[PDB]
Structure formats: C-alpha cells, structure tokens
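To keep things clear, I will list the structure first and then write my remarks on it.
Rule-based calculations on the coordinates, nothing more; no lab input. Quick reminder, even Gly has a Cβ in these numbers, built from the backbone with ideal geometry, and neighbours come from all protein chains shown.
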Amino acid sequence: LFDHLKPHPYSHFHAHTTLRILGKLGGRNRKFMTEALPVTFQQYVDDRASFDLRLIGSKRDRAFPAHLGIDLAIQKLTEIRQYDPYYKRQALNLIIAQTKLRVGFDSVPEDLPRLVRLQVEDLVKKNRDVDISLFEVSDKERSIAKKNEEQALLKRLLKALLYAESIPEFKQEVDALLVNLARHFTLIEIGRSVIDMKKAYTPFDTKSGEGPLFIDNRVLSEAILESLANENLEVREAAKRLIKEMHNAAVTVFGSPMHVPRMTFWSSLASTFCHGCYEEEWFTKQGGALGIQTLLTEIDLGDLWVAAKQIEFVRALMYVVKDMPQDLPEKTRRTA
Amino acid sequence: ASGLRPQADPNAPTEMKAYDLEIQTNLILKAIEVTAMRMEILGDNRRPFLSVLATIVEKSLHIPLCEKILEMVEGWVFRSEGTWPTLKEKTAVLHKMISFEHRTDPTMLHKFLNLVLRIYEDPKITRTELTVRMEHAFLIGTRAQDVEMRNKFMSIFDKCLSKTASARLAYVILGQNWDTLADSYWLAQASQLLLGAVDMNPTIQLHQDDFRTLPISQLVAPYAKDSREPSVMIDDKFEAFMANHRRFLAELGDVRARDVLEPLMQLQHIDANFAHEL
Amino acid sequence: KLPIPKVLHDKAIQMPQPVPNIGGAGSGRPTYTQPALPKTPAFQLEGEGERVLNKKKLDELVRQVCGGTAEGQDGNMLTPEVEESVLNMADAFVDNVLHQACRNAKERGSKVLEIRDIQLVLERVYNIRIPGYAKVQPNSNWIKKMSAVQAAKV
Amino acid sequence: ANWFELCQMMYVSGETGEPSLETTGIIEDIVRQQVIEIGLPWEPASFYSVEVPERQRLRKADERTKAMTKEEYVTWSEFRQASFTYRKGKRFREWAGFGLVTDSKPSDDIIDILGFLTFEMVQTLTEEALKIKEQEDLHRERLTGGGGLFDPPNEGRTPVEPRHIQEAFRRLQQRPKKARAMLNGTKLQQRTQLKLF
C-alpha cells in the first residue's frame, strides 16, 4: 500500500484511493507491526572476489569487483524493440567471461595421457602406494560461507548458459562450451575418485585435517536436474545430451565400458535425482523422474548397479505418485 | 490526437482535406525555394523568412517539407561561400530543430544527428565558433536510444579527451556542463568516459585467495616421479580427446579486461540501479 | 467517499519552486523543531570577500572622478578627515531620501513602496535622473481677469 | 522593440561583441525618453521689414575601414543603414506616443529628423561607454590544463555593461558652468530640465 503514494506524474487515482483507505483505517495503520524490522546482511566479512585493473596514469593495480553485472545480465537473458538482440549478445558475452573466470586457468605437464591412464589403472585395481599428503593439509584460514556463495553463483551461471540454447543464434557456441566443460569435469572426477578410494583405506585418527577448499564441480548435476523439466524442448534435449556426453567421455578414457561404473560420480547423480523427487515443487519432481528415466534407459551402466539402486528408485517414484496435488495436471504422475 | 475539446475561438485550429493540404504544401515548397535563391538581397525580409522557417520546422509534421528545410540549412552551413544569412543566425534554426527528439518518428531526428556528426568530424571547423554552439545537439546525440548513433557520438567524445584518469575525473567534475541532460541519469555517460582511461588489453584472473574448481595439476602431482608405463596402449581416440582438451585449456586462460568491461558500459544504459552501483 | 476528479486542476500540478523561510521564528536554531523545496542559502567558495570590496569602493569612485592615477600610487587620494565627511554625507543622503519617499508613497493611498516615489524625490529635490527603470493651463477666471486688465490698459 | 536596430548601431560604432538584453533595454529607454522630451527666423536679415532675394571620430573611422575584410566591409555597409523610422512610421509613432503628446500625423520631415537624431544619440552613447569600459579593464588588469571539446578558441572580447552606460549617461548630463555662474557665492541648489544630448 505504501508504494502507491507518489506525486503528480504518477496516477493520482491510485494514490488518492490509498490515502483514503489509510485515513479510514486511522489508528490501526501504525499498530500492525509485530516483529522488529528486516535487515539484509552479508554471510561473511572477508573481502569479496575481484580481479586487478590498471589506470593509465598510475603505476599500481587496483581490485575490481567480479560480481557487478551478473544479476542484470541473467535477468536480461532468461526473461523474454529492435535493440533486444544487441543487449542479449552483451549479456551472453559477460556470462561466458564470468564462467571462464570461475573455472580457472591451469598448466598441465606434457605427458598427461600417461598419468591419466596410470590413474585409471590404479582405480581399476586397489593400489595402496599412492601418496595423498597434499590432500590432508588443513585449510584453516579461509571462509566456508564464501565458498558456498561462489558455488551458488557458478550454479546460477551454468543454469543461464543451459537456458541460452532456446535462441537459434546462440545455440552453437554455448553447446560447444558445455561439451568442453563436461569433458573437463569428467577428467576431474576420475582423479577425485582415485583420491576418495585411497582416503577410505587408511582409517586413522591422526591430527591431520581435511583437504583444501574448492568449488564442487557437481553443480552441473543440479543445473541439469533443474533444466530437464523446462518449457522449451531444446533445453531438455541439451540437458540429456550432457549426461550422454559425460558417459561417452568416461568410456573413452577408461578404454572399455566394463569398469566405468566404479566411479563415485554416478552414485551422486542418482542421489541428486532421487532427492529431486521429494521437493515441494512439481517441476523439480518431474525433473527427478525424467533424470531417473534417463539413467535407466539411455546409459546402461550395468545390472549390479540397477540391482543396488532399485529400492531407492521405487521409493522415490512412489513418493512422487503419493505427493502430487490432485487438482493440478496429471503429467507428472503419469511420468512417474 | 490528444483528445482536447474544441473551443469557440475565431482563430481556433481547424482541419483541412488531404488534397488541399498537399496543394498548400506544394505551394509553400515553391515559395520557399524561389525566395531562398535571393538571400543576398533580402534585406528587411531576411528575418521574417528565417522566423517562418523556424516555426515550420518546430511545428510541422510533414516529412518532405522538413527534409527540404534541413537540406537547405545544411547547404548554408557547408557549401555556402558568400555572406551568410546573418552570420551565426542559422544556429537559431538548428537549435529550434532539437525538438525532433519527442516526435515518435526518428527519421527527422536521425537526419539531424547525421548532420551534427558531420559538423563535428570536419577538421576545417575545429575550435571554431560553430562547434561551440552545438553542445546541446552533441549531448542529445550522446543520449540517443539508437545504439549505433550513441556509440558514434561517444567514440568522438572519447577521441577528443585525454587518457589520464585524473584528467578525465577532473573533466567530469568541473570540465563539462550537464545542464542539457538535467532530466536524465547522466552519470552513465560520465562512467563511460571514465572507463576510457583503463587499460583493456592485459589478461585478467581472480586473486590467489579466491575459490575456483579443482585443478588437474594438483590431482596429477602425486605421479610426479612415478616412471611407470600403463598396461593399456594409448590409442588414436584418446590422443584426439587429450589434444582437444589441451586446446580448451589454452582457450580457458585467455580472458582480457575488455571482455568484462565493455558489456558493462553497454548494459548500464538500460538500468539505472546498476549505473548507480557502477 | 471523496471525489477523485478525472483530471487535476492546474494548481495541484505545479512542479514546486524554491520558497523563502517565513514565520519569523528564526533559522539555524539547534533546537527541537517544512516546504517541499527550500531555497539554497547564499555562499562564496573563495575570493576577495565583501570586507575588502566595500572598503575599496570609495577609492574606486575617487579614481573614477579624479580622472586617472599614475602608476605606483593609489588608494591615498583623500586625507583621513575627508573620508569621514564623505561617509557622513552618504549616510545622511540615504536616510533623508528614504524618509521622504516613504511618507510620499503613503500619501497617495498606497500600501507599498515603489521606485516611482524614489525617482520623484530624487528628481525634484536633488536633480538626479537614473535611467532604465521605466502640464498646466490657465482656467477661465484668469483669462477674464487678463481680458479686463488689457481692456483697461488701452 | 528596436533591439536589433540597436545591435546594428552598436556594431557600426565599434562594439563587435554580443551585448546582453539589459544594455539594449537601457539604451532604448534613454532614446525613448529623449525623443519624448523633444535661413532661420533670427538671422541678421530678420532685422528689417522687407527682405530681398540673394544674388578623432574620422581618424578611427578611417583606420577601421582600412582594417576590415571584404565580408566585414559588406556587413558594415549593410548595418550602416539601420534606422528607427525608415519605413516604420506607424510603429515609430506608436512607440513614441505621438497622439498622446502632440496633434497626430506630423509631416515626414519631422520623422526623418528624429531618426537622424536617434542614430546620433546611439552612436555617442556607444563611443563613450567603450572608453569607460576600456579604462576600467586597463585598471583592473594591473588553471585547467588538458582541454575539452566545446571551449572557445581564444575568447578575450566582452561587450559593455549597464554600469558603463549609466556612467556615460551621468557624464552626458553635465551642463556648462555658464548655466551656473549666477549662483556663485550662494547656497542655492541648481534645478533644471533634462538635457538633450
């Protein structure tokens, strides 16, 4: 009500009606408050993320915030004059640059393939002669809340990129970028699997801490889950193609499809799709059911895997049937 | 069009048939053309002619007539050689022509802005009396909705000034008059000018204390001194996979400052809150 | 209810204008206390200041009327005793002119003081004319008397 | 009214700048006041009952004329024709209030004489105000590097101001001491009528 009290150039009908209503309310218009007052605060006090700039008439570098136009860019891209394509192109450029900055730059050795195949060999077997000292150093100087914020921001960026496939002009670039990112994350996941396998075989209680802090590359799983039950068709097709691409990359790297389901990634994907079935939004439920269906009828991880996951799958699908309100459309229940 | 009621006034505005309107416009065009070729001997009639021209351009919505008047004015400004129409008096008509900005028909406005851009890119007229009286037109051009026109105006603006941060801030604070743009958020133009004093070539990256994804080098570090040989031979498909991955990695670390800064200075012109933040 | 008109009259839609401080209570009092748009107080960021210009004004006038001063000397054109006389002259002139003008203005039924009264006083009492700020005939009795005298003379 | 005529007359007299509206207004009021205030019968041949049949301005002007370009010369020649009453009889009569102070419709020779006189007044006023302004500037005389896109090339020339015109008017109203020699040695105030300069 207080937002309609604006001077002349604003519609005076609404403003005068609101003033009349408040005047008739009288003493009750300043007595309704029960809580104190909402206030917005930051979760952490450390410095925010930034990069360095260079003014021409100066000798030193200065930090520039790295979060400035992301919200407006996403709003302008995923919410639709003759100048709209121009601004949409600018927004896409900014989003791509920000994603590239968040992933990071790395310099790898010359004989990487040999090391990757050695990792695969150690993973297929259960070799215990791998040193993981660098992954037991405690990192007790940085903020975990800041890391959570960065993770959420990267997930939002990936969701915007996935949505950007419903525009015929932008499809090719974003598709290529997403495929490249998926292959990179498969390569990361293999090494993470090796490290996790080694870690569980040394049950100690030494005073060595956990590993370093990093952005979890599994935000792509949540983005895929949120993209499966989309209004547009190309978005859903791209979401499925990403899963297929990840499986194909794993098969190529391993050499054969026999030992691919020994990674810890697929259990995480199954858990994500199973928890999607318990949320309180119908499109999340539909995405979870569609993800389980994709895992069943388009990848073929094996038979032992399905025999292990059958109980959870049945429980989740039966819950989706149980919990759908009976006055909304029946598509979600039919999918389940 | 506004729907105002008609009042009883002997000189009240009325409406005319289209045929009569066209006949009258043709007569006016002929009269103006015949009168304008004796500009050297008009004498006492010099001022009424310009007054009627100014009134026509200010009020009329007839595209051919306004186009003809604008072409005549451009001819006076550029190709004239003799004694001018009272020297710097055509500037009065050019100033009256600023009303095109609120017409819901950008044809005349675009013609006028093209003429202004021509005036402000001519080496002969630089630091002259003419370029000192077109400040309002130049600023209106810098405020234009048409993206190409606005970018052209801003490019000229940035080309004129110096490239030192202190100098550009001083120019913004006490070097320019913003009285013309007093009804719009004109700090977007100031920010665009300020960002012209930043180096845009060098690559950028987040600080070392920021959070990124897990690097592969950290994951393969344990195998630094393991001089083993994989049991399975390396095949062509794996080689192509790794070559493409290396190409992608190289492309990953190739972000320059422009790739972030330019989109922001373009996007600040459609949202005022982000302009405030910037 | 309340009659929200379909259109507001021109007085209600005005684009407010700067307003002076009226009321007589005073301004700047740091105690426990407004128009839509007050007027900005006057100020000067840096310069000579009024305390110097007001003191140099008399020397400027003397330079103006004296014809011109040669290089290397100025300011000391009147002795200390003559400056006091000139200042007294100025004060007396202002007071006398204002006192006459106000009464003259009130005489003709007005309730405000306008420039016409000041101009009339200055012209008719001091022979001063400031530009840029915007008859009698004998009646019939006099004519008859003159006719009688002329007839007597012949 | 007559603003542009005043501008042209000032330009001819030597004021090449762009005087503000206040100066033109003040000059107009002065000229209007003068106009409102406004052989031969007393020649030696009048001594008898029966008559019988008979039988620095220039130097400055020349320097300026020598110091003008062709376009400047054309502009000067065109502005030299400025007038108050040339083919403006009705407007001039309305502006001068002929009907209210005199019998209406005087002959045209009167109008021509009035135009000549008005041109002379404007010329004199401009010439005196220029000198006063020059002296003031000469006495008075005795931080933004880089550069923008609209600042003037060299500037430096400014028009006259209302105070200069007021000082010139004060100078032009003084009368000769012959009109006051009869009050010597007394304390009588001198009261006169407006002087027609």
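Listed values, structure above:
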read-out: Loop-resident sites, segment B:49-142, for GluC sites (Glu not before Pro), counting at most 10 other Cβ within 10 Å (DSSP); value: B:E81
read-out: In segment A:171-239, the chymotrypsin sites (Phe, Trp or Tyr not before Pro) that fall in loop regions by DSSP, at most 13 other Cβ within 10 Å; value: A:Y201, A:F204
read-out: Which of D:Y86, D:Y11, A:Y163 has the fewest Cβ neighbours within 10 Å, and the rest in rising order; value: D:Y86, D:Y11, A:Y163
read-out: For q = 0.16 Å⁻¹, Debye-computed log10 I/I(0) when each Cα of segment B:82-170 counts as one equal scatterer; value: -0.72
read-out: Kirkwood hydrodynamic radius (C-alpha pairs) into Stokes-Einstein, the protein assembly as shown, 20 °C and 1.002 mPa s, D in µm²/s; value: 54 µm²/s
read-out: Hydrodynamic radius of segment A:206-277 per Kirkwood, over alpha carbon pairs, in Å; value: 14.3 Å
read-out: Loop GluC sites (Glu not before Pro), segment A:281-333, which have at most 16 other Cβ atoms in a 10 Å radius of their Cβ (DSSP); value: A:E281, A:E298, A:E330
read-out: Enclosed volume per residue, in Å³, of the convex hull spanned by Cα atoms of chain A; value: 282 Å³
read-out: Cβ charges +1 (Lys, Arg) and -1 (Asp, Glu), total dipole of segment B:1-100, debye; value: 180 debye
read-out: Separation of alpha-carbon centers, segment D:167-185 and segment A:210-225, rounded to whole Å; value: 101 Å
read-out: Alpha carbon convex hull of segment D:9-140, projected area averaged over orientations, nm²; value: 14.2 nm²
read-out: Hydrodynamic radius of chain B per Kirkwood, over alpha carbon pairs, in Å; value: 24.8 Å
read-out: Ellipsoid semi-axes in whole angstrom, largest first, where each is sqrt(5λ) of the Cα gyration tensor of segment A:3-135; value: 55, 25, 20
read-out: Within the protein assembly as shown, percent of DSSP bridges classed antiparallel, to nearest 5; value: 90 percent
read-out: Diffusion constant of segment B:167-269 at 10 °C, which comes from Stokes-Einstein with the Kirkwood Cα-pair radius and 1.306 mPa s, µm²/s; value: 83 µm²/s
read-out: Dipole magnitude (debye, nearest 20) for chain D, charges at Cβ of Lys, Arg, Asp, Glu; value: 860 debye
read-out: Hull volume in cubic angstrom per residue (convex hull over the Cα atoms of segment A:167-326); value: 154 Å³
read-out: Cα gyration tensor, segment D:96-197 - rounded (a/c under 1.5), prolate or oblate; value: oblate
read-out: Over the protein assembly as shown: helical MRE at 222 nm, DSSP H runs n ≥ 4 each giving -39500 (n - 2.57), nearest 500; value: -17000 deg cm²/dmol
read-out: Solution diffusion estimate, µm²/s, Stokes-Einstein, segment A:133-258, Kirkwood Rh from C-alpha pairs, 37 °C, viscosity 0.692 mPa s; value: 196 µm²/s
read-out: Total charge dipole magnitude, the protein assembly as shown, about the Cα centre, Cβ charges on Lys, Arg, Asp, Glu only, Debye to nearest 20; value: 3400 debye
read-out: Segment B:180-228 - Debye-derived log10 I(q)/I(0), Cα point model, q = 0.15, 0.23, 0.27 Å⁻¹; value: -0.72, -0.94, -1.03
read-out: Vicinal HN-Hα couplings computed from phi for segment B:32-42 (Karplus, 6.51 cos²θ - 1.76 cosθ + 1.60; Hz; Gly/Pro x); value: 5, 4, 5, 6, 7, 8, 10, 5, 7, 10, 4
read-out: Cα-based convex hull, segment D:8-73, per residue volume (Å³, whole number); value: 229 Å³
read-out: Phi-based couplings in Hz for segment B:250-262 (Karplus 6.51, -1.76, 1.60; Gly and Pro marked x); value: 4, 5, 4, x, 9, 9, 9, 5, 5, 4, 9, 6, 5
read-out: For segment B:25-136: rounded, prolate or oblate by the Cα gyration tensor [a/c cutoff 1.5]; value: oblate
read-out: Alpha carbon centroid spacing (whole Å) that separates segment C:130-150 from segment D:1-30; value: 40 Å
read-out: Histogram of C-alpha separations across segment C:12-154, 10 Å bin width, %; value: 7, 16, 19, 24, 15, 8, 6, 3, 1, 0
read-out: Ascending count of other beta-carbon atoms within 10 Å, so fewest first, for A:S11, B:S99; value: A:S11, B:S99
read-out: Per-residue Cβ neighbour rank within 10 angstrom, fewest leading, C:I4, D:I30; value: C:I4, D:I30
read-out: Dimensionless Rg ratio for segment B:105-154, taking C-alpha atoms and the 2.2 N^0.38 Å reference; value: 1.11
read-out: Leading residue at positive end of dipole, the protein assembly as shown (Cβ point charges), from C:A12, B:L65, A:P65; value: C:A12
read-out: Inter-part distance where segment B:33-100 and segment A:134-169 are each reduced to a Cα centre, Å; value: 63 Å
read-out: Extreme residue, positive dipole direction of the protein assembly as shown, given options C:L87, A:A91, A:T335 (C-beta unit charges); value: C:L87
read-out: Rounded to whole Å, sorted largest first: equivalent-ellipsoid semi-axes of segment D:94-151, Cα gyration tensor; value: 46, 18, 10
read-out: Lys/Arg +1, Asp/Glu -1 at C-beta; segment B:1-147 dipole; positive extreme among B:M37, B:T131, B:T107; value: B:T131
read-out: Distance violations [Cα-Cα > 29 Å] among A:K125/A:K244; B:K88/B:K159; A:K171/B:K111; B:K111/C:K11; value: A:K171/B:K111; B:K111/C:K11
read-out: Estimated vicinal HN-Hα couplings, Hz - segment B:63-79 in sequence order (Karplus 6.51, -1.76, 1.60; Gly, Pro = x); value: 4, x, 5, 5, 4, 5, 4, 5, 5, 4, 5, 4, x, 4, 5, 9, 8
read-out: Debye equation applied to the C-alpha atoms of segment D:1-42, log10 I(q)/I(0) at 0.14, 0.16 Å⁻¹; value: -0.40, -0.47
